[PDB]
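So this first bit is one chain, no partners, the form deposited without the ligand, shown in structure tokens.
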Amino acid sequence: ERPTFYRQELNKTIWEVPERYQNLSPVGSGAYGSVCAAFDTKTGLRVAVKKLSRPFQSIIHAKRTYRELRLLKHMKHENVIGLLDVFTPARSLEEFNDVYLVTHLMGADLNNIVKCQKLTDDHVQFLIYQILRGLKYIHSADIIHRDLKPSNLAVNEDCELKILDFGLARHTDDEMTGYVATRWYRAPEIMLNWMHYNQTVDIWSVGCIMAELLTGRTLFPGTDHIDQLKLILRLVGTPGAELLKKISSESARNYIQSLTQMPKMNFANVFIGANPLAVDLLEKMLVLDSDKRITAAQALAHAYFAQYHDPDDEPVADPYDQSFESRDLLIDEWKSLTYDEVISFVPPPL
């Protein structure tokens, strides 16, 4: 069933892709590999084609390659990036070395947007509604994005939004230090390693994004981890003894308790002019104790979204088996798992 491939030197590496993809032009590179824009003549879509870099370099790398593929093959939702295609030029596992992933080319992310208009309240409603719709789906599969931020949200011209990327297992300590948007949207329990985290970290991020859509300004633009914590605690208040019990590290608790206690601030006085219902939702998202945060399913039924809420058009995901995340396998074994997922790919009927 193999299409014909053709070769092209492109960025700095030789790209070998099926002839259906035409007019490749590099758009970005990095550590993960390299991306090219192309025209998929078989579907009429503008697509991003990513050539993985060093996919089976190490056991960690090989497992991360498999995780990304499993994750992308699974996502089938209007507000989440899906996989249009995945291919390798190799004809057998023995000659398998390269993986190419094909997705929708997305132009504008939420960043490009908060920076060229004061979103109307109805714009903010619709954007956050879609994020939570995608998050309800993602979380129903027990997937945690872990890295929600404006740059991870694609928004076309009709204001339709897609969640992109997913935190695979990247984030170096250096990329998280200082005055960087890579840390401004992260829940404090993840930020400071307080406890075992769960899907409620993503709702914290949504609260930060929503606040920024409403004000046009970063909610918690800390200059470092500790500065950012003080900004957080000044808004939401210092922890009480109940949340302190749940912080696993004696040292984090010990530092926490060094701080002068502070009451939670009045959000109506912080978000001046905002829809009282937006303020209300923000108060339920931006709760220090993650156990007490609103969930995505609960937030969709919040009155702030009455315009868009449709309980019969907020689907959940098929089961997603992540047992592989606990397996220790050799490089060759992850690679073979990945090859099986490549050759079993079924294009979307879309």
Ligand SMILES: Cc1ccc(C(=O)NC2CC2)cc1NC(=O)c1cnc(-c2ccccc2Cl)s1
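Just count from 1 along the sequence shown to find any residue number. Throughout, rigid core stands for the largest set of C-alpha atoms superposing within 1.5 Å between the two forms.
Compared with the other entries of this protein, residue 240 is consistently built, present in every one of those that build its neighbours rather than absent from a third. Checked against the other entries of this protein, residue 159 counts as resolved in every one of those spanning it, not missing from a third of them. Higher mean CA B-factor, judged across 198-206 and 168-176 from the recorded values: 168-176.
When the C-alpha B-factors of 263-271 and 243-251 are averaged, 243-251 comes out higher.
As recorded in the PDB entry, 27 shows the highest C-alpha B-factor of the residues 282, 300, 317, 27.
In the PDB entry, the Cα temperature factor peaks, among 117, 215, 130, 223, at 117.
The PDB entry assigns residue 78 a C-alpha temperature factor belonging to the lowest third of its chain's modelled residues. Among the modelled residues of its chain, residue 65 has a C-alpha B-factor that falls in the lowest third, as given in the PDB entry. Per-chain ranking of the deposited C-alpha B factor places residue 322 in the middle third.
In the deposited entry, the Cα temperature factor of residue 146 places it in the middle third of its chain's modelled residues. Sort the modelled residues of the chain by CA B factor and residue 58 lands in the highest third.
Keep in mind that the form deposited with the ligand bound is not shown, yet the notes after this line are about it.
With the site C-alphas superimposed, the ligand pose in the deposited complex sets the ligand onto this chain such that three or more atoms are within 2.4 Å of backbone or C-beta atoms; a blocked site results.
Between the options 297, 317, 48, 45, the residue in contact with the ligand in the deposited complex by a heavy atom within 4.5 angstroms is 48. Interface residue among 208, 81, 278, 131, judged by heavy atoms within 4.5 Å of the ligand in the deposited complex: 81. Judged by heavy atoms within 4.5 Å of the ligand in the deposited complex, the contact stretch among the candidates 87-95, 268-276, 67-75, 214-222 is 67-75. Residue contact with the ligand in the deposited complex: residue 263 places no heavy atom within 4.5 Å of it. Shown alone here, residue 101 lies within 4.5 Å of the ligand in the deposited complex, counting heavy atoms only.
Proximity of residue 108 to the ligand in the deposited complex falls within the 4.5 Å heavy atom cutoff. By the criterion of a heavy atom within 4.5 Å, residue 311 is excluded from the residues contacting the ligand in the deposited complex. The three residues 35, 165 and 168 all sit with a heavy atom within 4.5 Å of the ligand in the deposited complex. Core-superposed comparison between this form and the one not shown: among 252, 229, 274, 195, the single residue whose C-alpha moves by 2 Å or more is 195. After superposition on the rigid core, the Cα atom of residue 334 is displaced by less than 2 Å between this form and the one not shown. A movement of the C-alpha atom of residue 287 falling short of 2 angstroms is seen between this form and the one not shown when the two forms are aligned on their rigid core. Residue 317 shows a C-alpha shift below 2 Å between this form and the one not shown [criterion: core-superposed Cα displacement of 2 Å]. Compared with the form shown here, the C-alpha atoms of residue 31 and residue 57 sit at least 3 Å farther apart in the deposited complex.
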